[PDB]
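In what follows, a structure is listed as structure tokens, so that the remarks can point back to it.
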Amino acid sequence: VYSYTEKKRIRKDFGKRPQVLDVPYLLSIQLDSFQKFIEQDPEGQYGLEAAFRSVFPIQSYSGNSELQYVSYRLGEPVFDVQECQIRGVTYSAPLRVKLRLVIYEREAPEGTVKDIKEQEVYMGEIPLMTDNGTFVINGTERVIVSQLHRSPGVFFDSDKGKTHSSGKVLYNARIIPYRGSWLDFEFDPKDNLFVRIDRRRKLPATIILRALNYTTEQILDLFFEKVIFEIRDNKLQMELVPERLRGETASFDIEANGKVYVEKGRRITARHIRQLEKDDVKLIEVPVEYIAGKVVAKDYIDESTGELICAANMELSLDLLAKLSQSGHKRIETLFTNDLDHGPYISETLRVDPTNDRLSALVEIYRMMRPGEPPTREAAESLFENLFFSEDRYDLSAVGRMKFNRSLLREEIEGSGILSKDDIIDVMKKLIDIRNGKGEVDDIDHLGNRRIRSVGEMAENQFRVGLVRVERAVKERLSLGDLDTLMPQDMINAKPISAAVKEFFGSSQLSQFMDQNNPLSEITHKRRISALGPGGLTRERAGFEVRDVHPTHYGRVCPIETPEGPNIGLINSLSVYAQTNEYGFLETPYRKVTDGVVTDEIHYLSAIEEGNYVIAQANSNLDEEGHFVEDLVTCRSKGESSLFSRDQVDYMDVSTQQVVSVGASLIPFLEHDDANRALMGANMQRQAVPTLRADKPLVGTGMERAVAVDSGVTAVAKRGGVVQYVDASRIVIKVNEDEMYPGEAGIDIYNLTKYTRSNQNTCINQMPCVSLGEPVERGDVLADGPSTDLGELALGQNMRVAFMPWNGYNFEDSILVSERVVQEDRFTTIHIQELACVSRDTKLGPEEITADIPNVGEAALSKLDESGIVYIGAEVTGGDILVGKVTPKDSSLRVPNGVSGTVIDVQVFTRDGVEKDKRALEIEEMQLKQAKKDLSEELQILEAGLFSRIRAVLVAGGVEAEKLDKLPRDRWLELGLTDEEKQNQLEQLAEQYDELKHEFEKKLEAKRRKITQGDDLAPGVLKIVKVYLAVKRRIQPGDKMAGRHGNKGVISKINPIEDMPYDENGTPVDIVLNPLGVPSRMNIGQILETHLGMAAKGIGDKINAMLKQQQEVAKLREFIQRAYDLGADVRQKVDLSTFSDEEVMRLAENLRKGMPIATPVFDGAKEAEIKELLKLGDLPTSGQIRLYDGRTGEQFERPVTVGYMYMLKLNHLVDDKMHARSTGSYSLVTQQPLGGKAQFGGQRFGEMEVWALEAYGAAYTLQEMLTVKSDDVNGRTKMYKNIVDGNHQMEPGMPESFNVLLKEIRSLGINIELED
Amino acid sequence: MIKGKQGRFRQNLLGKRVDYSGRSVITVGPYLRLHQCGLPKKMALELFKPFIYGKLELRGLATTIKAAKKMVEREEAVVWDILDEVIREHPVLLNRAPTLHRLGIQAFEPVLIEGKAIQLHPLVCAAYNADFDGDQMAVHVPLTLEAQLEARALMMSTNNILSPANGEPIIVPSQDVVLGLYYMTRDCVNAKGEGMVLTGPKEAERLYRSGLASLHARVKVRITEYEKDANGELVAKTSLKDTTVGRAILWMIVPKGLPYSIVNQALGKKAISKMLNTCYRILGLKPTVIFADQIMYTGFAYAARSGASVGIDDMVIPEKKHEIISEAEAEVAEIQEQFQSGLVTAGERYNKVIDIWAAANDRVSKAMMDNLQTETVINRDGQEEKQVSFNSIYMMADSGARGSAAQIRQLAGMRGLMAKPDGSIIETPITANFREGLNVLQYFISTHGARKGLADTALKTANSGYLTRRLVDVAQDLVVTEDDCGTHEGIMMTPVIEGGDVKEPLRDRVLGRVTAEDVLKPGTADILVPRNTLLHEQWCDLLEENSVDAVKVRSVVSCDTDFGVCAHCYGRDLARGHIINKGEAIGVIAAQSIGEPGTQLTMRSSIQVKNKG
RNA sequence: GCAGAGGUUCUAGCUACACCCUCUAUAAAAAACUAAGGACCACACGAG
DNA sequence: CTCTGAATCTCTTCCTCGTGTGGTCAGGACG
DNA sequence: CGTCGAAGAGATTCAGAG
Ligand SMILES: NCc1c[nH]c2nc(N)[nH]c(=O)c12
Ligand SMILES: [Mg+2]
């Protein structure tokens, strides 16, 4: 089946792999993420409620005064998006919070509260997100890009190579919390564990262990296996376990019960250890020379004098052992030191330890944390427990707990957010294991270790920051003020929470300005994820392995699209199918595979779960029965593709375009061109200005009907029905019966946005796409947006392109353009530009807005009305006067030079208190009349629809229609309707209509007041006027023009039509490209797109020939069916026998310009199908035809390539580039040019240009670049008079910058002068 | 506010921004001669405002400056006529943005045009390293009379033909003109007009324009070959030489002094550069500017008539590729089975796989090349004959117009083995070209190299800039102040060989310098060349005959002049083929010429004899 | 402004480097003379 | 035992032109 | 109404043996 609009222009589709999952709503990463930030969560997790919970306990210290949060809600926004864009006020919503305050009795924590105080307080002004996912801040659409930062948890780096410059590896561990202080354990070349917090100076590791109430015996037992020695009268018999002996060389011969197993001086073999274990011997004799070298494990004391014989963690001393031997401690303990496996990295660190007690360790910690501060017995205790084990000063997120417990091989998922004593020692043991050989380091760049942070989480964090500040205020207030003396509103201020949220939304490194160059630029900008910003890495700190694309980017992020320049590979865009996990990580869909059959149910796989599995490839031929058709299937197991068997695989890619991003997926034949060129082909689409008459792409990927709809440019109908009244500014649809609600359904109205300035000064326009009586289905486009045709993305205009050198006018990247292009107006774009004049209130009197301009002629005032405002519709040019402003003794706003446009509208803002002038009154009255007419037109049409609905019930119940006509149509209540199930519904409808009348009689007055009230303004301005200019920029030699495949170049000449080459039939080509750019830069896709375009236009020409002369419908139908079949099997298989033979005549009209062709990126049309399509019409199979020279008229040998190529016009137009200046304003340092910009400026004679001058013998020109031109107050004013006089002389003077440097050094206490 | 890139010393004292400036995008500008460049009227009007005021005052049109300003803003007919006066002989400096070396900022004579883009002679789009993908040049103006004369006697584009880094020319024809000349100078074994006799080039151009004879046809023509063998005299000899019609048409463009053994070969790119160099060497400068300006016109005009287009059928996939792929798969499978049997180690098997894949890649590349160049076959009025191909992709590679065999290897044959981000070679190479489809995995692998290469730009340029700055500020003060140190010792010079072919002969390094001690003929006690004579080409040719390997040469390391090197100790200026003038700033020239190639520079048994001897 | 004063105009116009004219108590007959206050930081973009 | 070298800590610099948007003290009474 | 990361040189640290 096919929808009605789908039947209008159905696109021939290539591709053999049948997709299973439709592409999701592209913007669903931002909308859903913000939906979890303001929507109510009874769960109160990751929600405005989860932010309140923590900051709302409110307890005055011993003040028995408590305040608790109960409920919150968002008030209705004061202004809509449209009504706030003009005023510039943020699209916000008040935040109403209900707070409960109760008062306990004195010294009664358990006593009942004597009274309850409940009220609703207004705090903060939280912004809101438009339907497309754009925040309005100050009248400018702003979007917030998601961030990608290292996830909270624990990571074990390696720091291989450069450290210690001796080939050693220094293993280190970090504990990064979500909100707190970094804790880092780091090894040393001397093999000593060192603890370092917040990147401070080092510290022996045991110091942070001693602070945890841990004894030396406990510390030793927590890191080592103790070897037990027992005193015997048999040469100090010791218990020897074979496992520990394994890995140890035979220091002495090993015997038990008078039998030797391992010989002295011989390395012990695994077989020897196995036979020792078989013998199951426990005790093995040992010389006293082996025990003396063993470090003791536990402290041993004598029972006579009470003192300790040997201290624990002390190397054994034979004299100490002899004292222990005479004392006779039945058990002797030593730790099992083994340099091969059980490296003693704790004992040496404990030797380095300078303290012996917990208090000393705390004192050392305080000294290191706060240098220069005298210690205190309580300050250090408080500081240490606050740094880590405090709920407020340290909080690992739930994601942090999950990651930290997974890296430590735990089993639970949820746990306490604060660090625990056992967790630190577990991290220490893991680090020691890493050092010993077990385990492995974790890769930082692994996409399982970098969560994604959308707008909602950042907004919640900012709200929490504001909340803790206001909490610090309210708690302090609650202690001083007497209890139950005032309402709970006084203790709280809305602004501290506000200046924290509005500051983030307005000025941030992530709340970026939104570019609206295309429906695709918006889509690819709300999706872009960047690694910069707060909590992330900067450009200077960005290494080179981070920018590289990891093997785990397959399907989670785009490996092609990244902005070139400084931040390359740091702002990679999200893929098309990737969807964020619940914890923040990235997920990519896959299809579950049973033993032999690939099912239909799909699975979303995380970044880490993808590893242990084996995943097949999208290019795996399937029998449609679920079984693979070959015996060996390529897969991707451990980030390394290889060949496997059919039975091994258990996952396949969902589709074939899931690796690429949105924009990069629009390039047809993407797989044919190098990635280096696709990187710019995907970056030269987001800069294509929307042209005048948008034209569909003759050869598009197939993702054009999913970028226009999913963005906001188009206007999709949310209800199905028929079109009642269309117009160039509004579309009224009458809904069906089933799709409408039983009551108050009525009809739906869409308002189209006419020409409005965009953020890049391009026009934003909506054009109707339907006609009266045409049925419209649910979720169907009926309003083509800017750069969008028939609900199908269309950025450029397909042009007939021929590849050949043409007299050097397309030298190496230039593009020759025929006059036929300009004549057809195929590239003349609109450029709406906005101007503003401000009337400040200076001293000596405010400036006037009047039209009486002194010292001006009568010509300039012709384009000015009485009030001093330009007429709406005049054609102004460069230097003309727009609005008259005379400064109190000529400051009237003037059009900037070069701009030549027509004023489309003028809006005047007036501050309350000052009087509105005549033109302001005219504008206000016009807007009021338009608002009243809108509120009346909506009622008139809604009444038509509602009364049409009413007649359906009026005929049900045996009521004659004529009598209803006799009584007034507005009120049918006079008749007694027959009682039924619909009579009550109709009475409810009428009562709601009457209530609606009373509601409208109030909303009209509300609108009256809203328009009339003087708007707010910045302090010190009376009235500000905005004037809009609408230039129509044409195409010009110098304007950039780029294809889709990565080919760019400026136009070099607008050749006359006759000079262009022409094929045999007489049609002249429109663009002459340079072929010499194809072999060097392997973008061979474009040569393979031109042939497809030529085939499409050839079929279009055949259809047009069939249509131009009268032809039977069957002829057209059979030809189009043939075209849609086209040989090799395709997924589409669209049939024409079901069309009613009248929609065929409309499809032919929509195809006569050329049948569109789809081409999914990585399963596109093979060249055989292109050849068959070429042979379907008439054009030669090879794709080249014999052109003819225009000037000479002779023939071109070696026939050249012709066809149709999609060509965008990049917005780097030449009219915004020329700047040249001679004289003008200067700076404070008198370096005259002041910087080339909108303000006059001279191009910088930079540092290297001085060297380039010195390389020649030119010095006089260097002197004139450095002294007279740039900065010489007595040089400029002298040579400006010398030149007009007639003599070109010079006087050097001496630059003012040197007189500035002399002062900047003389004011430094250094006397620098000049001799003579 | 003193130190750093923001301080005065590097922001406001060295690099002062200047008045009388401008900016615009680039355009091909083919028609203007190489001594002139385009300029929009709406820019030249604003640049030359004081000159216009002065000329209006001289004409008496404007009584005061106010009226002159008013009439200038009027943009009436009189103002344009005045502007066409102050623009007549007033050079302007077309300065590229990142001027790495001396030729970055050159002078040009303006030619007023409409539009809004700055035109540029194509032959100088190489020294600038200026593309046309929307690049932006800045226009400066010299004001004083001395500046106007300097931008004429030193900076005009016709004055710096040879780069200061090396004697080789810098205005070598680059992309379209070279392809046109290559397509002009060729031969098809059977085209209409074969074996005919032609009176001369004046008649060959007519016989080709009429269409009676194809551009390529082996014929017999007579040519007046002028010779300068007599000192200062032109000897005219005329012999019936055998060549093509296309080569004969090309003869009239070349000046008379040059012989005929240059326009007879296939005329790739290096041949054209050598032709320009010989013209400069034996004819001077004035008859070389005209020649290099005329060659571009001919090249463009005969590359437009060629219709050299690229089509899909051009990029042939060799038939042997499928068999090579299958056999390589069999060999790797054999090694895999051996590893699974424990016979070989993992590393040894990996090395064997890499080596066999490299061998297979070279084999398939050779097969594609042999099926690309030779495979053309046509008739010679009889049986079939072999002939070098006319494939457009091949003609864009043999001529050196754009691209080398390595890129074509990526268009028809297999891409090869790609490198992992960590510097390792992936076990399985990409067995698919670009004309064929590229798989998903074979593209995700390919993106690694593209990302690394694009990220290395933002560090190669950042490091080359610092190296160039240090090298500039370390010399910064060398000026040739004295004409003769009079010293005796100079560093030795010998050819450098690594064991293969000689990397640099003694005829290359020594040329342009001055000897220290009297170089002696191999016959002893014979002084071939005196001790203090400069060595030009007529001397290096003599040195080749005697075959001497060690020649002492004075160098600026052994000069004894304080605060400046000598003129003799520095040798040839390498920009003009004469001894360096007393004063030229050579301190910065070397620093720029060393730090300039820092952009394209990459940041990272039994010995068998070569020949009998 | 010869010194003081006023000045056509072509913003303002004995200094900004300034300049000229007529006139004798105060403005009014005339042409030739000039070019002004604009800092820092984030984000995005292009090219080498 | 006193330099001998040998770690160890501290300061420096890391391209060059443009095209554009947006945001921003200092320090609120005070007599 | 003023008025109150890398990476490299160099200078500290610091050391080991005859
Ligand atoms: N502004 C009055 C006036 C008219 N003419 C003038 N000429 C000169 N040199 N200076 C002036 O001030 C005037
Ligand atoms: Mg370029």
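Residue numbers (the entry's author numbering), protein chains in the order written: chain I, 2 to 890, 915 to 1341; chain J, 330 to 933, 948 to 956.
Quick reminder that beta carbons are idealized off the backbone N, C-alpha and C, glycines included.
Asked: Quick check: the segment 853-867 of chain I against the segment 929-938 of chain I, are there 3 or more CB pairs under 8 angstroms?; Found: no
Asked: For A637(J), return the contacting residues in chain I, with the cut-off set at a CB-CB distance below 7 angstroms.; Found: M805, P806, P1100, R1223
Asked: Report the residues of the segment 346-371 of chain J with a CB closer than 8 angstroms to any CB of chain I, ordered along the chain.; Found: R346, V347, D348, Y349, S350, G351, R352, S353, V354, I355, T356, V357, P359, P369, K371
Asked: Measure from the alpha carbon of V920(I) to the alpha carbon of each residue in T589(I), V1052(I), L953(I), then state which is nearest.; Found: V1052(I)
Asked: Among residues of its own chain, excluding the 5 on either side of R478(I), which ones have a beta-carbon nearer than 6 angstroms to its beta-carbon?; Found: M492
Asked: Does the CB of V693(J) have a neighbour CB from chain I at under 9 angstroms?; Found: no
Asked: List, in chain order, every chain I residue whose beta-carbon is nearer than 7 angstroms to that of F668(J).; Found: Near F668(J) there are no residues of chain I at all, since even the closest Cβ is about 14 angstroms away, more than 7 angstroms.
Asked: For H1237(I), which beta-bridge partners are listed by DSSP?; Found: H1237(I) pairs with nothing; no bridge assigned.
Asked: Taking Cβ to Cβ, would you say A662(J) is nearer than 9 angstroms to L680(I)?; Found: no
Asked: So what's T1302(I) in DSSP terms, helix, strand or just coil?; Found: helix
Asked: Given that a residue counts as buried once 16 or more other Cβ atoms are within 10 Å of its Cβ, and exposed if not, what is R403(J)?; Found: exposed
Asked: List, in order along the chain, the chain I residues whose C-beta lies closer than 8 angstroms to that of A784(J)?; Found: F545, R548, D549, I569, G570
Asked: If the criterion is Cβ atoms closer than 9 angstroms, does the pair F645(I) and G125(I) meet it?; Found: no
Asked: How would you list, in chain order, the residues of chain I whose beta-carbon sits under 7 angstroms from the beta-carbon of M484(J)?; Found: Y1281, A1283
Asked: Just to make sure I have the definition right: I need the residues of chain I whose C-beta is within less than 8 angstroms of the C-beta of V917(J). Which are they?; Found: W1276, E1279, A1280
Asked: Ligand 2 and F461(J): does any heavy atom of the ligand fall closer than 8 angstroms to the residue's C-beta?; Found: yes
Asked: At a cut-off of 8 angstroms, would you count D464(J) as near ligand 2, judging by its Cβ distance to the nearest heavy atom?; Found: yes
Asked: Taking C-beta to C-beta, are residue 941(J) and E556(J) nearer than 9 angstroms?; Found: Because residue 941(J) lies between 933 and 948, and chain J jumps straight from the first to the second, it has no atoms in this structure.
Asked: Is any beta-carbon of chain J found at less than 9 angstroms from that of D160(I)?; Found: no
Asked: With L521(I) and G664(I) assumed to form a contact (beta carbons below 8 angstroms), what rounded beta-carbon distance in angstroms separates them?; Found: 6 angstroms
Asked: Taking the alpha carbon of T757(J) as the point to measure from, which residue in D464(J), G766(J), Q771(J), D751(J) has its own alpha carbon closest?; Found: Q771(J)
Asked: Look up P375(I) in the DSSP assignment and say whether it is helix, strand or coil.; Found: coil
Asked: Closest to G522(J) by CA distance: which of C366(J), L536(J), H897(J) is it?; Found: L536(J)
Asked: Relative to the C-alpha of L68(I), which residue among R454(I), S34(I), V122(I) is closest?; Found: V122(I)
Asked: Quick one: is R268(I) buried, meaning 16 or more other Cβ sit within 10 Å of its Cβ, or exposed?; Found: exposed
Asked: Could you tell me the alpha carbon to alpha carbon distance between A676(I) and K755(I), rounded to whole angstroms?; Found: 40 angstroms
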